[PDB]
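J.: Structure below; questions to follow.
Read-outs: derived from the displayed coordinates by stated rules, not from any lab. Here Cβ is always computed from backbone atoms with ideal geometry, including for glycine, and neighbour counts include all displayed protein chains.
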4 protein chains.
Amino acid sequence: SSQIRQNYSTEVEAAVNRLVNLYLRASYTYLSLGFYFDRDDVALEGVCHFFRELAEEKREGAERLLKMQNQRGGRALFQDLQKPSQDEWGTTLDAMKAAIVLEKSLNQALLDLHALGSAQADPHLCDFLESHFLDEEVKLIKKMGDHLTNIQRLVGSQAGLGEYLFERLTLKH
Amino acid sequence: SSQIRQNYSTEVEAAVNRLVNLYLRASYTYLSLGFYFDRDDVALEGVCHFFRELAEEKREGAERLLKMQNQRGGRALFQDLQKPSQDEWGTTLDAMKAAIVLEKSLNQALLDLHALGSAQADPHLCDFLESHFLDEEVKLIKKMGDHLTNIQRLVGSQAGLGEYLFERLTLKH
Amino acid sequence: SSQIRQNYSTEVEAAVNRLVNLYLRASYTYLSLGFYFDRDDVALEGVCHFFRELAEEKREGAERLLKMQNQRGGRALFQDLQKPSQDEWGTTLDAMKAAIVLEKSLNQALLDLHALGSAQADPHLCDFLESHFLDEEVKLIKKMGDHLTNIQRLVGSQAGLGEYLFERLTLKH
Amino acid sequence: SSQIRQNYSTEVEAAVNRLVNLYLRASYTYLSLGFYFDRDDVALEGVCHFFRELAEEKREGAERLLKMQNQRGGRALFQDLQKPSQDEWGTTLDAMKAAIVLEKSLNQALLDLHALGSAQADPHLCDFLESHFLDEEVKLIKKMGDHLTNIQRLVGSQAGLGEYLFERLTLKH
Ligand SMILES: [Au+]
Ligand SMILES: [Au+]
Ligand SMILES: [Au+]
Ligand SMILES: [Au+]
Ligand SMILES: [Au+]
Ligand SMILES: [Au+]
Ligand SMILES: [Au+]
Ligand SMILES: [Au+]
Ligand SMILES: [Cl-]
Ligand SMILES: [Cl-]
Ligand SMILES: [Cl-]
Ligand SMILES: [Cl-]
């Protein structure tokens with residue numbers, strides 16, 4: 001074991017590596033979501049940009065986890081990254097629903113890792129998650145819920161119109 | 001009685017304290033309106049900001065009344081503040097209707113206080129209301145009436161769409 | 001329940017609403033304290049400003065709690081706001097003693113809410129309180145204790161003089 | 001009568017001339033107060049400056065009244081100006097008490113003139129007083145009441161000390 005490793009359980013080390021895998025999986029999902037909305041037959045630029053920005057954010061979360069793994073003396077271990085759950089993502093509504101599902105799973109993984117840290121008496125892990133992840137996730141899930149509400153209200157009887165208007169007047173382009 | 005008190009009736013002093021209570025009540029109503037429109041399942045940011053800004057304005061009106069009470073040698077007396085009339089505020093249309101009702105009640109209270117001042121020959125009170133409150137209220141009620149008209153025109157057959165469009169293109173975000 | 005709500009107990013949701021009520025109550029107390037020290041027959045400008053600034057700070061705490069309630073998918077519920085415990089606040093010493101009592105009650109409410117969060121395994125709630133409230137309160141209570149000490153030392157045999165000097169040379173005007 | 005005079009009673013015209021006399025009398029009182037506090041055996045610079053600034057303010061009030069008299073087509077008529085009520089003004093407390101008495105008499109004269117204007121249906125006179133005099137007077141009398149309170153609290157058992165401290169730490173020099 002590391003010359004620097006102190007109070008860092010094998011259990012947390014392994015759960016960190018698994019979380020890295022989740023975040024990179026999530027990043028890959030968002031890359032696929034982003035490019036789907038760039039297809040000439042979908043063509044919702046603001047939706048594409050919203051998902052591409054999330055791909056970067058999730059990559060950044062993984063890189064923060066990997067940096068922390070090294071700072072504690074754990075050993076990064078990478079696994080295969082499973083492709084995203086879908087090749088085509090339907091409407092903006094369908095996509096935002098899938099994104100909120102994905103975020104809830106990340107959030108629950110964070111909470112599970114926090115509980116493990118608390119059981120292992122690892123306050124540096126708890127702090128790290130509280131400072132860099134738990135609020136970021138709460139804020140993002142709230143944003144998504146606000147978006148889902150506005151998208152749903154816009155469906156009405158003219159779905160196409162509502163999807164265009166949401167892209168143009170809420171999402172950034 | 002105060003070493004400074006001059007031409008300031010007990011009646012006006014008491015009516016000032018009651019008006020302070022009304023303004024603070026109104027402020028609290030607007031705080032509740034503002035946060036309702038911030039719920040993930042309402043999510044009309046511009047509507048939230050319109051009501052939150054009014055919460056501040058009504059607080060400011062109360063503070064101006066309290067400052068004036070002290071300048072005339074009256075004694076501020078605070079009472080309990082009743083909660084707002086509703087916990088949920090319905091649509092933007094429902095909310096704007098409730099706001100205009102509330103403003104009309106404030107306006108009538110101002111006018112009643114002006115009439116009392118006139119009956120008591122208290123020109124400083126009359127001036128104070130004319131200068132800091134009566135036009136502010138007339139302008140606000142007109143703005144609200146303009147908003148109600150535009151919201152109502154937007155309901156048509158596609159209410160959800162109309163509510164989104166009003167938030168996006170009239171209200172500020 | 002919310003589409004966004006995750007790991008957020010009904011118990012915490014309700015305790016958050018109660019804390020909002022406490023903070024708004026505290027804000028109202030400070031508004032009354034502030035205006036009392038603005039009376040022509042009290043006239044301690046720096047004491048008035050100290051309490052008015054606290055009224056704003058406590059309002060801000062309530063608004064942060066309400067924002068957080070919405071971000072977690074809870075539902076803000078407002079109750080009646082009880083008036084402050086006194087109509088007249090005595091000397092600067094009396095007022096600062098009442099303020100420290102009030103702050104200790106807020107602090108204890110925060111700690112009680114933190115313990116509930118810990119019992120419910122809600123690390124986002126714990127973080128939120130630790131980051132935005134617990135140190136703010138500790139720092140404020142320390143400031144108050146420092147003020148009480150200086151005010152008490154100034155009473156001596158010339159109370160009036162001491163109260164003037166504290167207002168002029170410690171409090172800001 | 002003037003080619004311009006319209007709705008301007010002889011009664012208001014005469015009461016305006018009398019008010020001019022009062023304001024100039026008040027100005028002269030403040031000049032005497034100011035120079036008394038400049039005596040080598042009084043030597044309270046900040047008290048001198050407070051009263052000298054008021055001498056100017058009251059002169060300015062008279063000049064505004066005279067300008068208004070001309071704008072309405074009335075004819076300024078000057079009378080003898082009686083000297084101030086005292087040659088020596090005692091302590092800062094004595095002086096501030098005399099000043100508040102003087103201001104109350106000016107205020108009552110303003111209110112009496114407003115009532116006359118109202119009885120004569122002269123809204124321009126009412127406006128003029130409301131806009132340029134009634135609030136200025138209320139604010140000044142409040143300032144004076146605040147000063148009297150602080151001076152009185154400072155007397156205690158060490159009057160000399162209290163008078164020095166009030167001059168140094170409240171009044172400007
Ligand atoms: Au923990
Ligand atoms: Au921990
Ligand atoms: Au009036
Ligand atoms: Au009046
Ligand atoms: Au905790
Ligand atoms: Au916790
Ligand atoms: Au009038
Ligand atoms: Au009039
Ligand atoms: Cl797969
Ligand atoms: Cl009620
Ligand atoms: Cl009560
Ligand atoms: Cl004489």
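J.: Given the options A:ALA26, A:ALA76, name the one that is more than 20 Å from A:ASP127 (Cβ to Cβ), out of contact with any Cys (no Cβ under 6 Å at 6 or more places or on another chain) and part of a loop (DSSP other than H, G, I, E, B). Steps first, answer last, please.
T.: Numbers: A:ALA26 fails: part of a loop (DSSP other than H, G, I, E, B).
A:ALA76 is the lone residue from the list that is more than 20 Å from A:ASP127 (Cβ to Cβ), out of contact with any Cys (no Cβ under 6 Å at 6 or more places or on another chain) and part of a loop (DSSP other than H, G, I, E, B).
J.: For the range A:4-17, what are the residues that are surrounded by 15 or more Cβ atoms within 10 Å (Cβ to Cβ) and part of a helix (DSSP H, G or I)? Before you say what the answer is, go through the steps one by one.
T.: Kept after step one, since they are surrounded by 15 or more Cβ atoms within 10 Å (Cβ to Cβ), are these residues of the range A:4-17: A:8-9, A:12-13, A:15-17.
Listed by number, the residues that qualify are A:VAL12, A:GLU13, A:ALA15, A:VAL16, A:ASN17.
J.: Cβ contacts < 7 Å: first residue on the phi < 0 side of the Ramachandran plot, restricted to the range A:101-128; second residue within 14 Å of ligand 6 (Cβ to nearest atom) and not in a helix (DSSP H, G or I), any location; separation 6+ or different chain. Result?
T.: A:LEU111/C:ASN7; A:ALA115/C:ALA121
J.: Still on this structure, please answer the following. Which of the residues spanning the range C:102-124 are within 14 Å of chain A (Cβ to nearest Cβ) and polar (S, T, N, Q)?
T.: Once the filter is applied, which keeps residues that are within 14 Å of chain A (Cβ to nearest Cβ) and polar (S, T, N, Q), the range C:102-124 yields C:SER118, C:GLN120.
J.: Take the residues of the range C:68-101 that are facing another protein chain (nearest Cβ under 7 Å) and small (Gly, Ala, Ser): which is nearest to ligand 2 (Cβ to nearest atom)?
T.: Going through the qualifying residues, I end up with C:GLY73.
J.: Would you mind finding the one in C:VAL138, C:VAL155 that is more than 16 Å from ligand 12 (Cβ to nearest atom), away from chain A (no Cβ under 14 Å) and under 26 Å from A:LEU134 (Cα atoms)? Quick ask: steps written out before the conclusion?
T.: Working: C:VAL155 fails: under 26 Å from A:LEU134 (Cα atoms).
Answer to the check: C:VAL138.
J.: Cβ-Cβ below 6 Å, separation at least six or inter-chain, first residue in the range B:73-87 and within 16 Å of ligand 7 (Cβ to nearest atom), second hydrophobic (A, V, I, L, M, F, W, C): which pairs?
T.: Within 6 Å, no pair qualifies.
J.: For the range C:37-58, give me each residue that is in a helix (DSSP H, G or I), of a type outside the set (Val, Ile, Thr), within 13 Å of chain D (Cβ to nearest Cβ) and in contact (Cβ under 8 Å) with a residue 40 or more places away in the chain. Spell out the reasoning first.
T.: Taking the range C:37-58 as the starting set, the residues that turn out to be in a helix (DSSP H, G or I) are C:37, C:45-58.
Add one more test, that the residue is of a type outside the set (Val, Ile, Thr), and what stays is C:37, C:45-46, C:48-58.
In the following step, the residues that additionally are within 13 Å of chain D (Cβ to nearest Cβ) were identified as C:37, C:45-46, C:48.
If the condition is that a residue be in a helix (DSSP H, G or I), of a type outside the set (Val, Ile, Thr), within 13 Å of chain D (Cβ to nearest Cβ) and in contact (Cβ under 8 Å) with a residue 40 or more places away in the chain, then C:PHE37, C:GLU45, C:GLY46 are the ones that fit.
J.: Can you report the number of residues in the range B:108-121 which are within 16 Å of ligand 7 (Cβ to nearest atom) and either assigned to a helix (DSSP H, G or I) or farther than 21 Å from B:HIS132 by Cα (or both)?
T.: Count: 6.
J.: Going through C:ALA95, C:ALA109, C:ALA119, C:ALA99 one at a time, which residue ends up being over 21 Å from A:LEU116 (Cβ atoms) and over 12 Å from the mean Cα position of the chain (by Cα)?
T.: On the way: C:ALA109 fails: over 12 Å from the mean Cα position of the chain (by Cα); C:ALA119 fails: over 21 Å from A:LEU116 (Cβ atoms); C:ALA99 fails: over 12 Å from the mean Cα position of the chain (by Cα).
Matching residue, one of C:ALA95, C:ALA109, C:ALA119, C:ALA99: C:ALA95.
J.: Still on this structure, please answer the following. Considering only residues that are at the interface with another protein chain (Cβ under 8 Å from one of its Cβ atoms) and either within 16 Å of ligand 6 (Cβ to nearest atom) or of a type in the set (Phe, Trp, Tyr) (or both), which ones fall in the range B:125-135?
T.: B:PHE128 - this is the single residue of the range B:125-135 that is at the interface with another protein chain (Cβ under 8 Å from one of its Cβ atoms) and either within 16 Å of ligand 6 (Cβ to nearest atom) or of a type in the set (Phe, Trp, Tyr) (or both).
Per-residue answers, yes or no, for (1) small (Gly, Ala, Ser); (2) touching a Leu at 6+ places or on another chain (Cβ under 9 Å); (3) in contact (Cβ under 8 Å) with a residue 24 or more places away in the chain:
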position: C:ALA26; (1), (2), (3): yes, yes, yes
position: C:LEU31; (1), (2), (3): no, yes, yes
position: C:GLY90; (1), (2), (3): yes, no, no
position: C:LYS97; (1), (2), (3): no, yes, yes
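J.: Shifting gears a bit: Please determine whether any residue of the range B:162-172 is buried (at least 16 other Cβ atoms within 10 Å of the Cβ) and away from every other protein chain (no Cβ under 14 Å).
T.: No, every residue in the range B:162-172 fails to be buried (at least 16 other Cβ atoms within 10 Å of the Cβ) and away from every other protein chain (no Cβ under 14 Å).
J.: Let me ask something additional. Picking from B:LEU106, B:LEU102, which residue would you name as being within 16 Å of ligand 10 (Cβ to nearest atom), of a type outside the set (S, T, N, Q), in contact with a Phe, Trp or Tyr (Cβ under 9 Å, 6 or more places away or on another chain) and over 18 Å from D:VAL138 (Cβ atoms)?
T.: On the way: B:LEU106 fails: within 16 Å of ligand 10 (Cβ to nearest atom).
Unique residue meeting the criteria: B:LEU102.
J.: Go over the candidates A:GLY34, A:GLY61 one by one and state the one that is closer than 21 Å to A:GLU103 by Cβ, within 12 Å of the chain's Cα centre (by Cα) and assigned to a helix (DSSP H, G or I).
T.: Working: A:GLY34 fails: within 12 Å of the chain's Cα centre (by Cα).
None of the others qualify; the one that does is A:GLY61.
Here is a yes/no grid of residues against (1) loosely packed, with under 15 Cβ neighbours inside 10 Å; (2) within 13 Å of ligand 4 (Cβ to nearest atom); (3) in a helix (DSSP H, G or I):
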site: B:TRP89; (1), (2), (3): no, no, no
site: B:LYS97; (1), (2), (3): no, no, yes
site: B:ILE100; (1), (2), (3): no, no, yes
site: B:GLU103; (1), (2), (3): no, no, yes
site: B:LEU106; (1), (2), (3): no, no, yes
site: B:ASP127; (1), (2), (3): no, yes, yes
site: B:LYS143; (1), (2), (3): yes, no, yes
site: B:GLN152; (1), (2), (3): yes, no, yes
